[PDB]
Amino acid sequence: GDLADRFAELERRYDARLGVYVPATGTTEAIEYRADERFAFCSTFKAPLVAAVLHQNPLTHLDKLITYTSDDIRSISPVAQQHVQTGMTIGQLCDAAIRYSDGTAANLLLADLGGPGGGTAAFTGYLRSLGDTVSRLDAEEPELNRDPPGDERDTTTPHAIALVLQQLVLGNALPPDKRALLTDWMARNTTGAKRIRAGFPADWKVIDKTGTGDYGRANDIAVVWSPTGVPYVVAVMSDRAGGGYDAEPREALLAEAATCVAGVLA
């Protein structure tokens, strides 16, 4: 058979562009479909963002209290907008950015990296340090979800982001104590039940970070563990550039793409 033909059928059925990368492992070949085409990060950047903050601080930094006002809520912020009076620690912000895709938490973590562009240059530099030469973050939340389809700003490729996640969760980009925190926050994500999780059998472990944006953007990046404990990185990205800025993002496309990948990996 030809898995690329099955991904192409998904693109025609969902009226969408799909990108997939599953890095090769000890026992599998890579799966790649439009893997070197650019797609908007949307909130998937929040996983490497938390890694960047972990990398450049001791773990005691997670208790640092960050204060902010109601005027700092500029993006969908399920946790941060309930804690304006008290503030949130860096660790609480990491948790919220990954598990609730909290936009204010991400903007505050970008500010914690510091430097010009409110942390977006610093974040991009962290990706360069992991060998990612193509990805770039240019805007904060929520504008990073809203670039037009032709813009390279705030884009990655499935290939690039998969190899970033591979280094972070399964490689040695972070020491074990920091790696375990990133892994746990992804493992307890609350936003991803209908995406890669929905394509893997219940006895597979899935950890993930979702992204959604304009032009029908829907992404999910995951690490999955077989029932025998064998890990795979799975990056799935999609958009609907011909469906207008308000094209509906399709979680079901990601779930079916994931089901096709599970068929290869099982």
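Each residue number is its position in the shown sequence, starting from 1.
**Message:** If you average the CA temperature factors as listed in the entry, which stretch comes out higher, 255 to 263 or 1 to 9?
**Reply:** Mean CA B-factor is higher for 1 to 9.
**Request:** Determine, for stretches 225 to 233 and 204 to 212, which one has the higher mean CA B-factor as deposited.
**Result:** Here the higher of the two C-alpha B-factor means belongs to 225 to 233.
**Request:** Kindly indicate the residue among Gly192, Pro176, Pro78, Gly125 with the greatest C-alpha B-factor in the PDB record.
**Result:** Most elevated C-alpha B-factor of the set, per the entry: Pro176.
**Request:** By the entry's C-alpha temperature factors, tell me which of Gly103, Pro158, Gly91, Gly117 sits highest.
**Result:** Out of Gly103, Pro158, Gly91, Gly117, the record gives the largest C-alpha B-factor to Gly117.
**Prompt:** What third of its chain's C-alpha B-factors does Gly199 belong to: lowest, middle or highest?
**Reply:** For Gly199, the deposited C-alpha B-factor lands in the highest third.
**Third of the chain's Cα B-factor distribution that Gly242 belongs to, per the entry** = Its C-alpha B-factor belongs to the highest third of this chain's values.
**Prompt:** Ranked by Cα temperature factor within the chain, is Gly26 in the lowest third, the middle third or the highest third?
**Reply:** For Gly26, whose C-alpha B-factor we compare with every modelled residue in the chain, the answer is the highest third.
**Item:** Third of the chain, ranked by Cα B-factor, where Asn145 sits
**Value:** For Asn145, the deposited C-alpha B-factor lands in the middle third.
**Asked** Ranked by Cα temperature factor within the chain, is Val134 in the lowest third, the middle third or the highest third?
**Response** According to the entry, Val134 has a C-alpha B-factor in the chain's highest third.
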